[PDB]
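A.B. asks: Shown below is the structure under consideration.
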Amino acid sequence: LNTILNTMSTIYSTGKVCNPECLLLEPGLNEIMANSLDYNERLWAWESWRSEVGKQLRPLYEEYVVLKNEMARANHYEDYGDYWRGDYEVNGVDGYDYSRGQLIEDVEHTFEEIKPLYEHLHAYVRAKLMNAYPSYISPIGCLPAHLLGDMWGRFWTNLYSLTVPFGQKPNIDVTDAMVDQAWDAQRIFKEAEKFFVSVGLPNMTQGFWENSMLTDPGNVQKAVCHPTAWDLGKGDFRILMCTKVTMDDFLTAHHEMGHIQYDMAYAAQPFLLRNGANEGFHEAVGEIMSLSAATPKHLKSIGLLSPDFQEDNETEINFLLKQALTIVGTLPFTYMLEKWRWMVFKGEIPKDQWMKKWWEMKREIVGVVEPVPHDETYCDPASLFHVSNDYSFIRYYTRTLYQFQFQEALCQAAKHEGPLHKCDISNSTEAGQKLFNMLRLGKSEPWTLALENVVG
Amino acid sequence: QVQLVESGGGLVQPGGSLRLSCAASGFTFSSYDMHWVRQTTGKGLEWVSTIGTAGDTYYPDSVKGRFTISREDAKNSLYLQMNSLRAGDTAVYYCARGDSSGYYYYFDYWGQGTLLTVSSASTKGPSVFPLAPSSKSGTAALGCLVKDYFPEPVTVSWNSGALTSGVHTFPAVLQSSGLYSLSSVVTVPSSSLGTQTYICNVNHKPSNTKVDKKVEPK
Amino acid sequence: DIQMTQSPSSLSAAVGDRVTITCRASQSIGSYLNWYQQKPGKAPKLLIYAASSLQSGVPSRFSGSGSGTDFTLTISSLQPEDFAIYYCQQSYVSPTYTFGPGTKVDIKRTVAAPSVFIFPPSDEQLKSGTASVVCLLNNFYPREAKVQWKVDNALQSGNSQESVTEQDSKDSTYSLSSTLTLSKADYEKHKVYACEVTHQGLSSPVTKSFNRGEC
Amino acid sequence: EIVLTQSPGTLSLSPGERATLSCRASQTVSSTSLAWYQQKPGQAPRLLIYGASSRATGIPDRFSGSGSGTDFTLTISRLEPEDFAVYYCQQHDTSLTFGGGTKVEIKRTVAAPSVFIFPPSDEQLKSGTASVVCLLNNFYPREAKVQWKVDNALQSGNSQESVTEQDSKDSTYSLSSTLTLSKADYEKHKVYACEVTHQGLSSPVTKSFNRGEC
Amino acid sequence: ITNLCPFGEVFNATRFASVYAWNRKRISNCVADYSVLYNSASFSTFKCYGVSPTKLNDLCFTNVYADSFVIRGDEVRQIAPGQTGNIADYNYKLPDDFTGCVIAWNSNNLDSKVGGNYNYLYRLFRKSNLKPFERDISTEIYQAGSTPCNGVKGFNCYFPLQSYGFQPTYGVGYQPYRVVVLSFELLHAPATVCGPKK
Amino acid sequence: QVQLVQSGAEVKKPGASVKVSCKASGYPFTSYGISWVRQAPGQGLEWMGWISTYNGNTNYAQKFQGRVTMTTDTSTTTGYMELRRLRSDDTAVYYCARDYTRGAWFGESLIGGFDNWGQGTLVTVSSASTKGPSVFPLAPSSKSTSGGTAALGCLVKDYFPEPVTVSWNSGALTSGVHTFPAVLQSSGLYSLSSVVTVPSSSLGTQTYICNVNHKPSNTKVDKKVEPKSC
Ligand SMILES: *[C@@H]1O[C@H](CO)[C@@H](O[C@@H]2O[C@H](CO)[C@@H](O)[C@H](O)[C@H]2NC(C)=O)[C@H](O)[C@H]1NC(C)=O
Ligand SMILES: *[C@@H]1O[C@H](CO)[C@@H](O)[C@H](O)[C@H]1NC(C)=O
Ligand SMILES: *[C@@H]1O[C@H](CO)[C@@H](O)[C@H](O)[C@H]1NC(C)=O
Ligand SMILES: *[C@@H]1O[C@H](CO)[C@@H](O)[C@H](O)[C@H]1NC(C)=O
Ligand SMILES: [Cl-]
Ligand SMILES: [Cl-]
Ligand SMILES: [Cl-]
Ligand SMILES: [Cl-]
Ligand SMILES: [Cl-]
Ligand SMILES: [Cl-]
Ligand SMILES: [Cl-]
Ligand SMILES: [Cl-]
Ligand SMILES: [Cl-]
Ligand SMILES: [Zn+2]
C-alpha cells in the first residue's frame with residue numbers, strides 16, 4: 001500500500017504531456033485551463049491530463065481501494081469511507097453525540113438546500129460561457145468540463161473574466177493606497193494585530209514579532225513562500241509569509257493571524273487536544289477574518305478608503321458573483337467527488353461502471369458533462385491531487401458552511417445592520433467573546449458543542 | 001488630626017496622562033509609607049501603588065509601566081503620575097497612610113478620593129436652576145437643579161455650608177444625551193421662608209464652574 | 001493572589017440588633033486581617049486590624065474575631081450611623097494587599113410616609129427652551145415607592161427619571177426625586193401638572209399639583 | 001584551561017567607524033562569565049562589559065557586548081578618538097583567563113618615513129663601544145623593514161628596534177634602530193648604511209655615512 | 001556586627017540550582033541592607049509574607065535562609081504558601097505560615113540555549129507531596145502500577161526527573177526564571193541578622 | 001569614591017621575594033574579594049589569583065601555585081600579594097582589583113568582572129644593579145637640507161632600573177620630539193633615544209640641550225647637541 005501511495009503521488013507530481021516541448025500540470029496545463037479561451041487547446045490539455053495520468057493511476061487506484069478497505073474493516077469500520085467519516089464522530093457526551101452516518105444525511109440535507117442557488121448561478125454562467133464559446137455550448141445542457149476555469153472545475157474563479165456582471169465597474173483594490181502611504185509588511189501585521197485586539201483578543205507575543213519571517217529574505221537564502229501559521233509549542237507562535245505590499249497579502253495576513261489566535265487560545269489544553277474541534281474549524285476561523293477585513297466599512301475605518309468613498313449595488317454584485325464562483329461553485333464539485341468515493345469504498349459502484357457513474361454524477365449533481373467519452377480504462381477522479389494523494393475532501397464543504405455559520409453568529413453579536421456580506425466585526429468584544437469560547441476548547445469538547453458555543 | 005487631601009482628578013482622553021497629588025498634614029509624613037488605592041463599582045477596592053520610606057516603590061502588574069508613584073517629603077506630598085490611561089482606569093483614587101503594629105500592616109488613614117474619568121467625550125458645565133418653594137403650605141421644601149454637565153462630579157452646598165440639616169443632594173442621573181443631571185433639595189420651616197435667605201453653591205471643577213443661586217418664593 | 005470573599009451580600013437589621021458578618025480568605029492568613037467601614041460618599045475607615053484589635057477611637061460595639069481562613073466582624077448593637085458597606089482585607093501578602101467585595105448593612109425601621117412636594121420649571125430654564133418639573137418624596141421608609149406624572153390628567157411615560165438617596169445615617173429614611181422633562185413647547189401646551197405618590201405609609205395615593213401660570 | 005583568542009591583534013579603523021572585536025573561546029563559555037576590559041597606554045584596565053552584554057558603570061551607550069557559546073563580540077558603534085586603545089576579553093567560566101588583546105589604531109593614509117642616520121659620538125667611542133642610530137620619522141602604516149649594512153655586510157643579531165605609540169595628532173609612528181658595535185669593529189669599517197623599505201616609498205631609501213665624513 | 005549580608009552573592013550568582021535540587025545558603029551575623037532589592041529593573045516578582053517589604057530594614061531575625069533555583073515563568077506563582085502544582089508538590093514547598101519574601105526574574109538570556117539547555121530539571125512524579133522545606137534528590141524509578149520496576153524505566157515505570165530544555169525562542173510562560181526565597185527565622189535565640197536601622 | 005591605592009615600585013634580584021600592598025577604600029571591604037593581575041612590558045594581562053576579604057579563602061592560577069600568597073588585613077582594609085622565588089620574567093606591573101567574579105562569603109561565581117583597579121606596581125626582577133645613564137649626542141647631519149628639516153637627539157644608554165625622563169631645553173622645546181620606549185639590552189641595562197626635528201637654519205643659531213633625569217640613581221644630565229665640528 002505504501003508503494004502504491006508513493007507511486008500514485010509521484011505519477012501525479014511528475015506527470016507531463018508532450019506537444020504532439022512538454023508541459024507539466026503546474027504551471028503549464030494549469031495556465032491553459034485558467035487563461036486559454038481556445039476550445040481545442042483547453043480540450044487537449046484536459047484530455048491529455050486525464051489520459052497521461054488517469055489511465056496509469058486506474059489500476060493502482062483499484063488496488064488502493066481494496067487495501068484501504070481491508071485496513072478499515074480490520075479497524076471495525078464498514079469501509080474506508082466510513083473510516084473517514086469517523087473524523088466527525090462523537091460518542092459518550094449525551095446531547096452532543098454524532099454518528100458517522102449522520103454526516104451523509106446532514107451533508108445531503110444542506111446540499112438540497114443549496115441546490116436553488118447553484119442552479120441559478122449555473123444558468124448565469126452557462127449563458128455567459130455561451131457568449132464566450134458560441135457554437136460549443138447548449139442552453140439547456142451541462143457545462144463542458146474543460147471550460148470551467150481550472151483543470152477540473154473545482155472552482156469557477158477564473159470564469160470571472162468571462163462572467164463579470166458589470167465589466168465597467170472596477171473592483172475595490174486599496175493596494176495603491178497602501179503604497180502611497182508607504183506601507184510595509186510590519187504595518188500590515190500590526191493592523192491585523194490591532195483588528196484582533198479590537199474584539200478583545202490578545203496581542204501577538206513578543207516572540208512572534210522577533211521570530212516570524214514576514215518578508216522574503218532575498219538572494220541570501222531561499223525560502224518556501226507559502227503563507228503558513230506555525231505553532232511550535234512551548235509558547236512559540238510564528239508566521240512564515242513572503243509578504244508583498246498588496247491588498248491580497250493584507251487579507252492573507254489577517255487569515256493566518258486568525259490561525260495564530262486559534263492556536264494561542266487552546267494552548268492551555270493538553271498537548272493532544274491542541275487542534276481544531278474538527279478538520280474544518282481552523283480554516284473557517286481563518287476565512288472569517290479576511291471576510292471582515294476586506295469590507296469597505298473596515299478599509300474606510302483604517303484609512304485605506306477615503307471617507308467619501310460611495311459603495312454601489314453593481315460593484316457589490318460583482319464582488320458577490322466572484323465570491324460565488326469560488327465558494328458556491330466548489331460545493332457541488334466537492335460533494336459529488338466525495339459521494340463517488342464513499343460509494344466506491346462501500347462497494348456500490350462496480351469497477352466496470354466507475355467512470356460511468358462518475359460522469360453520470362458529474363452530469364446529474366454538478367451539471368457538468370465530459371467533452372470526450374471516457375471508458376473504464378481512465379480514472380478521472382485520480383487526476384485530482386486529493387484523490388491520488390489519499391486525502392479526504394468533504395472538509396472543504398464542511399469548512400465552507402462553518403465559515404458563514406460563524407460569521408452570521410458573530411455579526412449578530414456585533415449588532416450588525418444590513419446584509420451579512422457588508423459586516424465587519426471590528427470593535428465587538430461580544431463577538432470576540434463568543435468566538436473565544438470556542439477557540440479555547442481546541443479538541444477537548446465535541447465539535448457539536450464547539451459549534452454551539454459560537455452559533456447556539 | 002491626620003488629614004489627607006487628594007487633588008488632580010478629572011476628565012482625560014484615552015491614551016492620555018494625568019498626575020494626582022495628595023497633601024498630608026498632622027503627622028511626620030516622611031516616617032510613614034504612602035499608598036494609592038482605587039475604587040470602582042464593578043471591582044471594589046483595589047490596591048494601585050505603594051511607596052515606602054526608603055524610596056522603594058511597588059505596583060501591581062496591571063499598572064507597572066503605566067503609573068509611577070513618588071513622594072516629596074519637604075512638601076508633605078504624594079504623587080501618582082499616570083500615562084497610557086484606558087477607560088478601565090476610571091475610578092475614585094484614594095491616598096492612604098500605611099502603618100503597622102508588630103507585623104500587622106493596615107491603612108489607618110484615607111483621603112477623600114478624587115474621581116478620574118477616562119473618556120473621549122467633552123466637558124460641559126452645568127446649568128443651575130432654582131426649585132422655588134411653594135407659595136402654598138409647617139414645613140416647606142426648596143432646592144436647586146444642576147442639569148446637563150459632564151463629567152462627574154458636581155458638589156453642592158447651601159449658604160456656604162452653614163445649612164446642612166435637612167439637605168438631600170441626590171445621586172446624579174445619566175440622561176439619554178450622555179450628560180448628567182442632579183438636584184439638591186432642603187426642607188425648612190415654612191415660617192423661615194421670610195426670615196432666612198437660601199443659596200445653593202454648585203461647583204463643577206472639570207469645567208471650572210462655580211455658581212451661587214439664590215432660591216426665592218415667587 | 002489571595003482572594004477574599006464576604007458573606008452576606010446585604011442584610012437588613014434593626015437598631016439594637018446584633019449584626020454578624022463573615023470574611024473568608026482563599027488560604028490561611030493567620031490573623032493578618034483588617035476590617036474597614038465605608039459610608040456613602042466617604043473613604044474607607046479602619047475598624048479592626050490583626051483580626052481582633054479595635055482601632056483607636058472606634059466604638060466598642062465593633063469587634064473582630066477569627067483566625068486562619070474564616071473571620072467575623074460583629075456589631076453588638078447596631079446604631080443608625082452604622083449603615084454602611086464593610087470590607088475585609090488580608091495583610092498577609094504584600095505589596096499585593098487584597099480586599100473583600102463588601103457587605104451592605106441596611107437599617108430596618110418603622111414605616112414612614114413621604115413628604116411630597118412639586119416644583120415647576122424656573123423661568124430661566126424656560127428661556128433656554130426646556131422645562132423640568134420635579135417631584136420630591138422626602139424621608140420615607142421602606143424604600144419602595146411609586147410616582148406617576150399626570151399632565152392635564154394624562155399619564156406620562158418615558159419622559160421622567162428618578163433618583164434615590166442612600167439611607168440617612170440619623171433617621172434611616174430614604175428620599176426620592178422624579179424629574180419630568182418636556183420641551184418648552186409641550187410644557188406651554190398644557191395647564192395641570194401633577195405627581196401622584198404611592199407608598200406603604202399612606203392610606204391612599206397623595207397627589208401634588210400646580211397650574212402652569214398660577215402661584 | 002579555556003583559552004580566549006582575539007583576532008586581529010591590531011584592528012585599523014577610522015574615527016566614526018563601527019568596530020566589532022572578536023573573542024573566540026577554545027570551549028563553550030557561559031555568558032554569565034565573560035567580560036571586556038579597555039586599557040590605554042600607561043593606564044590600568046577599565047571594566048567595559050560584564051555578563052557578555054551588561055555595561056559597567058560610566059560606560060557609554062556606543063559600547064555593546066554580545067555573543068554566546070564560543071563566539072563573543074565587543075561592538076563600538078561609533079569610534080570616538082578616546083576609543084583607540086587595547087581591549088581584552090576575560091572568562092571565568094573555568095578558572096580565569098584573559099584574551100591576548102586587540103589594539104584599535106587610527107587608520108590613516110600612507111605616509112613615508114623621513115629617514116636619518118647618526119654615527120657614534122667620539123665620547124662613546126672613548127669607552128669601547130659604538131652605537132649607530134637610524135631614525136624613521138612619522139610614517140604610516142607601522143610595518144617597515146630596516147636593514148643595517150657595514151661595508152656591504154648585512155648585520156644580524158646586533159640591532160634593537162623601538163617604536164613610539166601612535167601619535168595623537170598625526171596618527172603616525174616613529175621608529176628607531178640602534179646597531180651596537182665594538183669600537184674595534186667600528187674603526188675597522190668605513191661605510192655605515194641603514195636601508196628602509198616601506199609601503200610609502202617608491203624604492204627603498206638608504207642613508208649612510210663614511211667614518212670620517214665632514 | 002559590621003559585615004553586610006551577602007545578598008549580591010545569592011542574587012548575582014552565575015549558576016543556579018535545579019528546582020528539585022534547590023540551593024540553600026544560611027545568612028547569619030550580618031547587617032542586611034535590603035535596599036539593593038528596591039526598584040530593581042529586573043525583578044518580575046517581589047512578594048513578602050508576614051512582614052512588609054517597606055519595613056525590612058527595621059527588622060531583626062535569628063537567621064535568614066536564601067533558597068535559590070530556576071523554574072519556568074508559569075510556575076513562579078507556585079513559589080508561595082498555599083499553592084499546588086508540580087513545583088509546590090514535588091520540588092519546593094513553603095509552609096502555610098511562611099514568613100519571608102519571594103523574588104523572581106526572567107533569565108532567558110542566561111539559561112536558555114538554541115537547541116535546548118537540558119541542565120535544568122524538575123521532579124515530575126512522587127509518591128507523596130513534599131513537606132515544607134524538604135528537598136528530594138532521589139532518582140528512584142517511579143512505580144505507577146503494581147509491577148515492581150527493579151530500577152529500570154518501562155511500562156508504568158518512569159524516570160522521575162524531567163528537563164526544562166529551555167530555548168530562547170520559547171514563550172514567556174516557558175522561559176527560565178531565577179527565583180530567590182528569603183526565609184526570616186525567629187527562634188528563642190539572640191538575633192544575628194539585623195537591618196541597618198537596628 | 002571607590003579607590004584602590006597600591007604600594008610603590010620595587011626592584012628585586014632573582015630568587016628574592018616581593019610583597020605588594022593594596023589599600024581599598026570607599027566600599028565595604030569584606031563584601032568583595034580582591035583579584036590580582038599582572039602585565040609584563042608590552043604584553044597582555046595575566047591573572048594571578050583571588051582572595052576573599054571575608055574568610056580569607058583563595059584561588060590561585062596554576063602558573064603561580066607554589067610561589068604566590070595572598071592575604072588581607074580588615075582593620076586596614078588592605079590586600080597583599082607576595083610573589084616568591086622571583087625570576088627574570090616576573091618583571092611586570094602588578095594590579096590589584098576589586099573582584100565581582102567570586103563571592104566573598106560563599107566563594108561561588110558571580111555575574112561581573114574586576115570593576116575597580118589599582119594604579120599598578122612595577123616590579124623589576126634583574127641581577128643588574130642601579131646605574132645612571134650615559135648620555136651621548138645624536139648630532140644633526142652636515143648633509144641637512146638648507147631651508148628644510150634636520151634631526152638631532154640624545155642616546156640615553158646603560159641605565160637601570162626604569163624609568164628615565166627626557167626633556168628638551170628644559171621643557172621649552174616639545175614640538176617634534178619623540179622619546180622612544182626604552183629597550184632592555186643584552187647587558188641587562190636599558191637604553192633609549194630622544195629625537196627631535198628642527199629647522200635646519202635653526203642649527204646655526206639655536207642651542208639644543210636634552211635634560212635627562214634618572215631618579216633611581218639620582219642622576220641628572222644636561223647634554224648640548226652640536227652640529228658638524230669636523
Ligand atoms: C547585582 O549586581 C548589580 C551590578 O551588576 C548590583 O547593582 C548595583 O547596586 C548598587 C546598589 O544599589 C548600585 O549603586 C549600582 O548602581 C548597581 N549597578 C547596576 C549596574 O545595577 C546589584 O545590587 C547586585 N545585587 C544585589 C542583590 O546586591
Ligand atoms: C497591544 O499592544 C499595543 C502596542 O502598542 C499596546 O499599546 C496595547 O496596550 C496592547 N494591548 C494588549 C491587550 O496587550
Ligand atoms: C474601532 O474603534 C477604534 C477606536 O475607537 C477606531 O479607531 C476604529 O475606526 C473603529 N473601527 C471600526 C470598524 O469600528
Ligand atoms: C441599491 O440597494 C438598495 C438596498 O436594497 C436599494 O434601496 C437601492 O434602490 C439600490 N439601488 C440601485 C440603483 O439598484
Ligand atoms: Cl494555510
Ligand atoms: Cl502544540
Ligand atoms: Cl474529471
Ligand atoms: Cl487543486
Ligand atoms: Cl571608557
Ligand atoms: Cl576564580
Ligand atoms: Cl590569563
Ligand atoms: Cl527554613
Ligand atoms: Cl559557581
Ligand atoms: Zn489557512
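Residues are referred to by chain and number: the chain letter is A, B, ... according to the order shown in the C-alpha cells, the number counts from 1 in that chain, and ligands are numbered separately from 1 in the order shown.
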I'd like a table as CSV: residues in chain D with an atom no more than 8 Å from ligand 1, each row giving the shortest atom pair and its distance in Å to one decimal, only C-alpha atoms and all ligand atoms counted, sorted by chain and rising residue number.
C.D. replies:
```
residue,atom,partner,partner_atom_place_in_ligand_line,distance
D:54,CA,ligand 1,20 (C),7.8
D:55,CA,ligand 1,20 (C),7.2
D:56,CA,ligand 1,20 (C),6.2
D:57,CA,ligand 1,20 (C),6.2
```
A.B. asks: Using only C-alpha atoms and all ligand atoms, find each protein or nucleic acid residue lying at most 12 Å from ligand 12; present the set as number ranges by chain.
C.D. replies: E: 24-27, 62-67, 92-95, 97-100, 131-135, 181-187
A.B. asks: Which chain F residues have any atom within 12 Å of an atom of ligand 13, and for each, what is the nearest pair of atoms with distance in Å to one decimal, counting only C-alpha atoms and all ligand atoms, rows sorted by chain and number, as CSV?
C.D. replies:
```
residue,atom,partner,partner_atom_place_in_ligand_line,distance
F:101,CA,ligand 13,1 (Cl),9.3
F:102,CA,ligand 13,1 (Cl),7.7
F:103,CA,ligand 13,1 (Cl),8.8
F:106,CA,ligand 13,1 (Cl),9.2
F:107,CA,ligand 13,1 (Cl),7.6
F:108,CA,ligand 13,1 (Cl),4.0
F:109,CA,ligand 13,1 (Cl),3.9
F:110,CA,ligand 13,1 (Cl),7.1
F:111,CA,ligand 13,1 (Cl),9.8
```
A.B. asks: Write out the residues from the selection above, keeping N, CA, C and O atoms, as a tab-separated table (two decimals), in the first residue's frame.
C.D. replies:
```
chain	number	residue	atom	x	y	z
F	101	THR	N	33.74	38.50	40.62
F	101	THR	CA	33.64	37.24	39.91
F	101	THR	C	33.48	36.03	40.82
F	101	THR	O	33.02	34.98	40.34
F	102	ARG	N	33.84	36.14	42.10
F	102	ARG	CA	33.74	35.03	43.04
F	102	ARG	C	33.35	35.60	44.40
F	102	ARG	O	33.95	36.59	44.84
F	103	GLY	N	32.38	34.97	45.06
F	103	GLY	CA	31.77	35.59	46.22
F	103	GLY	C	32.68	35.55	47.44
F	103	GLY	O	33.34	34.56	47.72
F	106	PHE	N	30.69	32.99	50.10
F	106	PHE	CA	30.43	31.62	49.70
F	106	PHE	C	31.39	31.12	48.64
F	106	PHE	O	31.42	29.91	48.39
F	107	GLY	N	32.17	32.00	48.03
F	107	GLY	CA	33.19	31.57	47.10
F	107	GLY	C	32.66	31.00	45.81
F	107	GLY	O	33.36	30.22	45.16
F	108	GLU	N	31.44	31.36	45.42
F	108	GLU	CA	30.84	30.87	44.19
F	108	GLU	C	30.83	31.98	43.15
F	108	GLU	O	30.87	33.17	43.48
F	109	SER	N	30.74	31.59	41.88
F	109	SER	CA	30.99	32.52	40.79
F	109	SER	C	29.87	33.55	40.66
F	109	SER	O	28.69	33.25	40.89
F	110	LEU	N	30.25	34.78	40.30
F	110	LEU	CA	29.33	35.90	40.23
F	110	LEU	C	29.29	36.46	38.81
F	110	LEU	O	30.28	36.39	38.08
F	111	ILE	N	28.13	37.01	38.44
F	111	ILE	CA	27.99	37.73	37.18
F	111	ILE	C	28.64	39.10	37.37
F	111	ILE	O	28.16	39.91	38.17
```
A.B. asks: Select all residues from chain B having any atom no more than 10 Å from an atom of chain E (counting only C-alpha atoms, ignoring ligands), output as a VMD selection string.
C.D. replies: chain B and resid 32 to 33 50 to 61 99 to 100 102 to 105
A.B. asks: Would you save the residues of that selection, restricted to N, CA, C and O atoms, as a PDB file, in the first residue's frame?
C.D. replies:
```
ATOM      1  N   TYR B  32       6.176  57.506  57.290  1.00  0.00           N
ATOM      2  CA  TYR B  32       5.132  56.534  57.009  1.00  0.00           C
ATOM      3  C   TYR B  32       5.153  56.161  55.541  1.00  0.00           C
ATOM      4  O   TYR B  32       5.522  56.965  54.681  1.00  0.00           O
ATOM      5  N   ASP B  33       4.780  54.918  55.268  1.00  0.00           N
ATOM      6  CA  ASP B  33       4.529  54.524  53.900  1.00  0.00           C
ATOM      7  C   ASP B  33       3.260  55.202  53.404  1.00  0.00           C
ATOM      8  O   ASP B  33       2.371  55.546  54.182  1.00  0.00           O
ATOM      9  N   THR B  50       2.361  51.648  45.934  1.00  0.00           N
ATOM     10  CA  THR B  50       2.903  51.851  47.271  1.00  0.00           C
ATOM     11  C   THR B  50       4.284  52.484  47.193  1.00  0.00           C
ATOM     12  O   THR B  50       5.085  52.143  46.318  1.00  0.00           O
ATOM     13  N   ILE B  51       4.565  53.398  48.123  1.00  0.00           N
ATOM     14  CA  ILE B  51       5.901  53.954  48.290  1.00  0.00           C
ATOM     15  C   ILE B  51       6.267  53.867  49.771  1.00  0.00           C
ATOM     16  O   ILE B  51       5.478  54.253  50.645  1.00  0.00           O
ATOM     17  N   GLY B  52       7.427  53.293  50.060  1.00  0.00           N
ATOM     18  CA  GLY B  52       7.903  53.176  51.418  1.00  0.00           C
ATOM     19  C   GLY B  52       8.674  54.411  51.829  1.00  0.00           C
ATOM     20  O   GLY B  52       8.618  55.462  51.184  1.00  0.00           O
ATOM     21  N   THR B  53       9.423  54.271  52.914  1.00  0.00           N
ATOM     22  CA  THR B  53      10.208  55.368  53.453  1.00  0.00           C
ATOM     23  C   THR B  53      11.660  55.299  53.010  1.00  0.00           C
ATOM     24  O   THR B  53      12.472  56.118  53.447  1.00  0.00           O
ATOM     25  N   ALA B  54      12.003  54.333  52.163  1.00  0.00           N
ATOM     26  CA  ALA B  54      13.353  54.184  51.643  1.00  0.00           C
ATOM     27  C   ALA B  54      13.415  54.421  50.137  1.00  0.00           C
ATOM     28  O   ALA B  54      14.383  54.002  49.482  1.00  0.00           O
ATOM     29  N   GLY B  55      12.415  55.110  49.580  1.00  0.00           N
ATOM     30  CA  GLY B  55      12.321  55.292  48.148  1.00  0.00           C
ATOM     31  C   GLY B  55      11.827  54.082  47.374  1.00  0.00           C
ATOM     32  O   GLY B  55      11.774  54.137  46.139  1.00  0.00           O
ATOM     33  N   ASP B  56      11.450  53.006  48.052  1.00  0.00           N
ATOM     34  CA  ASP B  56      11.025  51.789  47.383  1.00  0.00           C
ATOM     35  C   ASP B  56       9.587  51.931  46.888  1.00  0.00           C
ATOM     36  O   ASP B  56       8.716  52.429  47.614  1.00  0.00           O
ATOM     37  N   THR B  57       9.346  51.524  45.639  1.00  0.00           N
ATOM     38  CA  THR B  57       8.025  51.626  45.034  1.00  0.00           C
ATOM     39  C   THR B  57       7.538  50.256  44.592  1.00  0.00           C
ATOM     40  O   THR B  57       8.329  49.392  44.195  1.00  0.00           O
ATOM     41  N   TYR B  58       6.217  50.073  44.676  1.00  0.00           N
ATOM     42  CA  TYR B  58       5.569  48.799  44.408  1.00  0.00           C
ATOM     43  C   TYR B  58       4.317  49.034  43.572  1.00  0.00           C
ATOM     44  O   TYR B  58       3.554  49.975  43.823  1.00  0.00           O
ATOM     45  N   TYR B  59       4.103  48.164  42.595  1.00  0.00           N
ATOM     46  CA  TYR B  59       2.986  48.280  41.678  1.00  0.00           C
ATOM     47  C   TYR B  59       2.424  46.901  41.390  1.00  0.00           C
ATOM     48  O   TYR B  59       3.184  45.931  41.279  1.00  0.00           O
ATOM     49  N   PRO B  60       1.111  46.791  41.213  1.00  0.00           N
ATOM     50  CA  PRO B  60       0.556  45.573  40.628  1.00  0.00           C
ATOM     51  C   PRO B  60       0.948  45.508  39.169  1.00  0.00           C
ATOM     52  O   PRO B  60       1.320  46.511  38.558  1.00  0.00           O
ATOM     53  N   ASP B  61       0.903  44.293  38.625  1.00  0.00           N
ATOM     54  CA  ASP B  61       1.309  44.093  37.238  1.00  0.00           C
ATOM     55  C   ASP B  61       0.431  44.894  36.271  1.00  0.00           C
ATOM     56  O   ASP B  61       0.930  45.438  35.277  1.00  0.00           O
ATOM     57  N   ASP B  99       0.492  51.847  58.142  1.00  0.00           N
ATOM     58  CA  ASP B  99       1.169  51.766  59.424  1.00  0.00           C
ATOM     59  C   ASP B  99       1.071  50.326  59.900  1.00  0.00           C
ATOM     60  O   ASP B  99       0.299  49.522  59.363  1.00  0.00           O
ATOM     61  N   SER B 100       1.824  50.015  60.947  1.00  0.00           N
ATOM     62  CA  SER B 100       1.895  48.645  61.415  1.00  0.00           C
ATOM     63  C   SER B 100       1.966  48.596  62.933  1.00  0.00           C
ATOM     64  O   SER B 100       2.579  49.454  63.577  1.00  0.00           O
ATOM     65  N   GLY B 102       3.333  45.670  65.405  1.00  0.00           N
ATOM     66  CA  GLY B 102       4.030  44.402  65.234  1.00  0.00           C
ATOM     67  C   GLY B 102       4.244  44.091  63.760  1.00  0.00           C
ATOM     68  O   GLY B 102       4.704  44.933  62.974  1.00  0.00           O
ATOM     69  N   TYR B 103       3.931  42.869  63.356  1.00  0.00           N
ATOM     70  CA  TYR B 103       3.988  42.560  61.939  1.00  0.00           C
ATOM     71  C   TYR B 103       2.671  42.910  61.197  1.00  0.00           C
ATOM     72  O   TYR B 103       2.618  42.788  59.970  1.00  0.00           O
ATOM     73  N   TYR B 104       1.629  43.394  61.869  1.00  0.00           N
ATOM     74  CA  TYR B 104       0.319  43.523  61.205  1.00  0.00           C
ATOM     75  C   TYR B 104       0.159  44.910  60.587  1.00  0.00           C
ATOM     76  O   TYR B 104       0.034  45.917  61.301  1.00  0.00           O
ATOM     77  N   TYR B 105       0.111  44.952  59.257  1.00  0.00           N
ATOM     78  CA  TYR B 105       0.049  46.186  58.489  1.00  0.00           C
ATOM     79  C   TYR B 105      -1.417  46.521  58.181  1.00  0.00           C
ATOM     80  O   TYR B 105      -2.256  45.628  58.039  1.00  0.00           O
TER      81      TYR B 105
END
```
A.B. asks: Can you tell me, as JSON, numbers by chain, which residues in region 79-163 of chain D count as strand (DSSP E) by DSSP?
C.D. replies: {"D": [86, 87, 88, 89, 90, 91, 97, 98, 102, 103, 104, 105, 106, 114, 115, 116, 117, 118, 129, 130, 131, 132, 133, 134, 135, 136, 137, 138, 139, 145, 146, 147, 148, 149, 150, 153, 154, 159, 160, 161, 162, 163]}
A.B. asks: With C-alpha atoms retained, could you export that selection as a compact mmCIF listing (two decimals), in the first residue's frame?
C.D. replies:
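Result file is part37.txt:
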```txt
# COMPACT_ATOMS: atom_id res chain seq x y z
CA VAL D 86 43.58 47.92 23.64
CA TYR D 87 40.63 45.67 24.53
CA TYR D 88 40.85 42.39 26.46
CA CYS D 89 38.23 39.74 26.87
CA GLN D 90 38.08 37.64 30.02
CA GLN D 91 36.29 34.47 31.09
CA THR D 97 41.86 33.71 31.73
CA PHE D 98 42.34 36.80 29.57
CA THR D 102 43.09 43.66 20.31
CA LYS D 103 44.52 47.11 19.57
CA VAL D 104 42.35 49.55 17.67
CA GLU D 105 44.60 52.02 15.84
CA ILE D 106 43.66 55.02 13.74
CA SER D 114 61.73 60.59 6.90
CA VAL D 115 64.98 58.65 7.39
CA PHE D 116 68.08 59.85 9.27
CA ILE D 117 71.32 58.18 10.37
CA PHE D 118 73.51 59.15 13.35
CA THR D 129 81.51 50.74 22.23
CA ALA D 130 79.90 52.30 19.13
CA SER D 131 76.16 52.95 18.69
CA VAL D 132 74.76 53.78 15.24
CA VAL D 133 71.16 55.03 15.23
CA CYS D 134 68.72 55.05 12.30
CA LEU D 135 65.53 57.10 12.75
CA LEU D 136 62.32 56.53 10.78
CA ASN D 137 60.12 59.56 11.41
CA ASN D 138 56.36 60.00 11.15
CA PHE D 139 55.23 57.15 8.93
CA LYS D 145 61.87 46.91 7.14
CA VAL D 146 65.15 48.32 8.44
CA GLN D 147 68.44 46.74 7.36
CA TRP D 148 71.93 47.64 8.60
CA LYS D 149 74.93 47.27 6.34
CA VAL D 150 78.58 47.74 7.29
CA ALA D 153 77.91 43.18 5.10
CA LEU D 154 74.33 42.66 6.26
CA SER D 159 70.45 45.75 16.39
CA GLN D 160 67.43 46.71 18.51
CA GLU D 161 64.24 48.49 17.47
CA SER D 162 61.90 50.76 19.42
CA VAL D 163 58.59 52.22 18.16
```
